[PDB]
Each structure stands twice: as C-alpha cells, then as structure tokens.
Amino acid sequence: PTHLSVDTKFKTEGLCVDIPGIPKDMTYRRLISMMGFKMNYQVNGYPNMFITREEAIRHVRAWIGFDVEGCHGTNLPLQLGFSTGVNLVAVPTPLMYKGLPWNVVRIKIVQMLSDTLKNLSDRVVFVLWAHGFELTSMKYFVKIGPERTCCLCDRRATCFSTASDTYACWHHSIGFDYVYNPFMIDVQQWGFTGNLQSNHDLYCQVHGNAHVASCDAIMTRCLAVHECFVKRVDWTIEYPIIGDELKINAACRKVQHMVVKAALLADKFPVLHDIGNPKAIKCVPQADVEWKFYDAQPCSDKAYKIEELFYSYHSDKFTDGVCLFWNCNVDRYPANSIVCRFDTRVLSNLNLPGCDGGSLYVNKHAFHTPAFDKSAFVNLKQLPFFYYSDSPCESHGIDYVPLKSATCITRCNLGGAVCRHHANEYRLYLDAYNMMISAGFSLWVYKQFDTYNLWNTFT
Ligand SMILES: CCN(CC)c1cc(C)nc2ncnn12
Ligand SMILES: CCN(CC)c1cc(C)nc2ncnn12
Ligand SMILES: [Zn+2]
Ligand SMILES: [Zn+2]
Ligand SMILES: [Zn+2]
C-alpha cells in the first residue's frame, strides 16, 4: 500500500448538510465521479485525487487549506477561501475580493498557488474539513489526467492552459487558467467529534473565526499540522532540499563551536551542562571542561518548563558552570546559559506556518517549534557577533582587500594588522553567521560574557 485506493470508504456525514440524501456507503471512486471527474482507469501516476495521511505528511510543503461557503438546481455565488488568507467570490452568471465569473477566478487561483508553492513543492495538497461545496466547486478550476511534465522545463505539470492547450509547473504557469492533477485530503475522515472550530480551538488560540472561508481554511490546515506534527512526531521522514539547508546547517555547527569555545576561554567554566538532543556530540572536543550530557527531544507542543528539566533531584547543582541549550526550547533559561533559539516568526521557504503561534521548520526533517517568546531570555543578553581564532597566521594557498574590524579576535589584530588567512576566515565566518541568523536562529548568552576577555588568551 503506497497510494490511497479509490475503493476505500469515505464517511459522508460531514457532507450531508450541503448534499442532502448522500449515501452513507460511498467510495473515493464514487465521490470523485460525483465531483464531476472521470478517471477512466488510468494508471499514469495519478491513481486518486485523494491521498493518505502518511503521503500528506511527506508533502506538508504543498498544504493549502481550502474552504468554500455558499453566499446565496439554480447555482448561487461561492466564497472560496485559502489558508494564504485569500477570499475570492465566484458568481455563476483577511483579503476578500468581489464576485467575478469562474473564467477569471480560475486565473487568480493558478497565480496564487503558483506564487505560494513554486519555491516549496512540486504539487498542491488541498487540506479540507469537507462539507460539500469545496468538493463540488473543484470542477470549475481543476483538470485531471495522466502525470505530465512542464512545457518549459522537466518539473511535473501542476497547471493547464485552455488558451494554448499546454502544461506547466508552478514556475512557468503565467496566464494559465486550470489547476492540473492537484491532491487533496479530508481532515474530517480522521475521526473527530464536533465541528472544525471546536477541534481547532482545543490546541490553538492564535487563529480566530472571523466567519469567513479563509478563516476556516487556515483553521483546517492548522488542525492538520497539530495532528501530524505536534501530537504525532516523525523524525525519520526525509524532505527534499529546496534552499540553503546544507549551508544553514554547516553555519549552525561552525557558530556553535565558535560561541561555545569562546565562552569556555573567557570564563573558564569547570563544567558544561549540555541539554538537548540525545544524539549530540561535544561541539568543542579539545576543551578542558567536564562535559555532561542531558537528553531532551525537540519539544513540538509547548516549550519545556525548566522546573521539570532541572529540578526533582547529573551534577544536580545546575547553578555550577554553564548550561548549553542548543535548540532546546525552555520557558525561562537560567542566567548561566548559552542559547540558540529558533525564531518561529521568520519568513522563509523552510519555515511553514504552524499551530498556536508555533511554526513548522522543514530542513531535512520537520520540526514543529513552539512560538518564540522574548520573556524566555530575561536572565540573558543578545550575543554580539564576534570571530575568534587561535590558529597560526599562515596563508597557504580569490583576491585581498585589507580587513579592519574590532570583532576579529586574533593575534594579528591584537598586533595591529589582520593577516590574509584570518581575514579570509573572518569573512567566511561572518557569512556563515549571517546565513544562520537570517534562517531564523537567535543567539543568547549569560550577561557577564565579554569578548575583551578573549585578548588575554594571546601572550
Ligand atoms: C442541487 C444540485 N446541485 C446544484 C446545481 C449540485 C449538486 C452536486 C452534488 N454537485 C454540484 N456541483 C454543482 N452543482 N451541484
Ligand atoms: C447545495 C448543493 N451544491 C453542491 C454541494 C451546490 C449548489 C449550488 C447552488 N451551487 C453549487 N456550486 C457547487 N456546488 N453547488
Ligand atoms: Zn516548468
Ligand atoms: Zn490555529
Ligand atoms: Zn592572523
């Protein structure tokens, strides 16, 4: 079982207010046909418009919450809502647009999905809390058939144009009018009691219900993210490389070694308490310090309470030496800490919107992270940028412009003139540092940390 069989049963109770008299016994095959689609027994890579929960999790970057509400067999106007916050009104003749015929609405839909998804995914997954109008509106903006490739490139076709009779991916679909071979999943099929708002509001106080289609579409995708990434966590699942993942990760390791190495040199802590990933390795293996590890998995729901991580009886006295919380999200860090906390508010292709203020950070694996809280860092300060090196000044070998910086903490800078080697390493480190900060990571340190203490490690 790789795909969802079209012969799987579909619970239709959620659909019977918009579709009165709908059979209780219904398959995906019969539902697809009822929606106005003919699959014709085609095995060309598109076996079902509906997908499994596991396949949906593998394609989280493609999720677009979708909801349709009736406004007025005589067709009436529909409010189409998307988790992008867009509301389009289609007439059959937060951003909400006036009523226009489907021929122009479908151009808008293709533009919106293409701009939203071109840098995230090779497809779209419509996430539903299916009541009827959304499934029956799909025929007006969706075309299906064999799996195809783009006319302008090698990516899979996600759009279709009736003007040119051609296919395109999200990058080459300017002016296209039809969504081609989309995927969809109905959250209501997962076994739930009560309406969408009641289930969403159990875990999220951030998304309100301003009684608009996009509000429901947003709540839908949010509840789906909570079920698949907050309550259930799967760190085995791999995700494709779509950006700067490798550079961001390489930067993180360089910044960690640099910042921890300098803390141990400036304040000579006898012991370091490394709290976080159970698979963590010594980030400064040559350091003199007594390195003690504590296992805590990435918290995906609420940030850890320091009272449960530290107290209840390890040195036991965590007040001795320094605490290293490298991506270990706690509610209030102790004053003797070195902290890297991901800022969930960051705008990027790796960071997807999440549940209750949190975000879904997708870099090789999916990590639902709790909402960034400035109050977690009251006992600390923002760690300033600095580069430190004790390596010999020796070129061994891009051209050269002389480096003048107060933050290049090297023997050559102490001696009044930065050597070529330390200037190259400084600029490479600053690049890695800016790369990590812009990816969303934030660095915090114990208030007594001072890089002035690093000059005397040169004599
Ligand atoms: C009351 C019949 N009507 C309205 C025309 C329906 C019913 C269904 C199941 N799908 C539909 N798709 C579009 N109209 N539509
Ligand atoms: C209420 C029945 N249905 C299907 C759920 C309808 C009715 C009307 C008037 N327009 C529609 N456009 C799409 N579906 N649809
Ligand atoms: Zn293309
Ligand atoms: Zn929510
Ligand atoms: Zn030097």
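Residue numbers start at 1 and run along the sequence shown. Both ligands and their constituent atoms are indexed starting at 1 by order of listing.
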Check: Is there any N or O on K139 that sits under 3.5 Å from an N or O of ligand 1?
Finding: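 Checking ligand 1 against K139, an N or O pair does fall under 3.5 Å apart.
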Hey, are [Y] and [X] close enough side-chain-wise for a donor-acceptor pair under 3.5 Å?
X: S359; Y: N351; answer: yes
X: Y388; Y: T457; answer: yes
X: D267; Y: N453; answer: no
X: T84; Y: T116; answer: no
X: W129; Y: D216; answer: no
X: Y426; Y: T407; answer: yes
X: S389; Y: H422; answer: yes
X: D7; Y: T27; answer: no
X: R61; Y: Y239; answer: no

Notebook entry, point to check: List-wise, which protein N, O or S atoms are found short of 2.8 Å from the Zn ion (ligand 5)?
Noted result: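 Short answer, with waters excluded from the count: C393 SG, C412 SG, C419 SG, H422 ND1.
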Notebook entry, point to check: Which atoms from ligand 1 have a heavy atom of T136 less than 4.0 Å away?
Noted result: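 Answer, ordered by atom number: 10 (N), 11 (C), 12 (N).
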Margin query: Give the atom numbers and elements of ligand 1 that come within less than 4.0 Å of a heavy atom of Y140.
Written below: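 Those qualifying, in numeric order: 13 (C).
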Next item on the list: Pick, from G36, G21, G73, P20, the option with the minimum heavy-atom distance to atom 1 (C) of ligand 1.
Entry: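 Minimum heavy-atom distance to atom 1 (C) of ligand 1 goes to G73.
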Notebook entry, point to check: Given the rule in the salt bridge (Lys or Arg N to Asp or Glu O under 4.0 Å) test, do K364 and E245 qualify, once you have shown the distances and angles that lead to the verdict?
Noted result: CA-CA 8 Å; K364 292 165 44 50; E245 290 102 318; over 6 Å; no
Check: After noting the C-alpha distance and the side-chain angles of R155 and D122, does the key distance pass the salt bridge (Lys or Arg N to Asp or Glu O under 4.0 Å) rule?
Finding: CA-CA 7 Å; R155 295 181 177 91; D122 71 341; over 6 Å; no
Check: Taking the Zn ion (ligand 3) as the center, what protein N, O or S atoms are found at less than 2.8 Å?
Finding: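 Protein N, O or S atoms closer than 2.8 Å to the Zn ion (ligand 3): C150 SG, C153 SG, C169 SG, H172 ND1.
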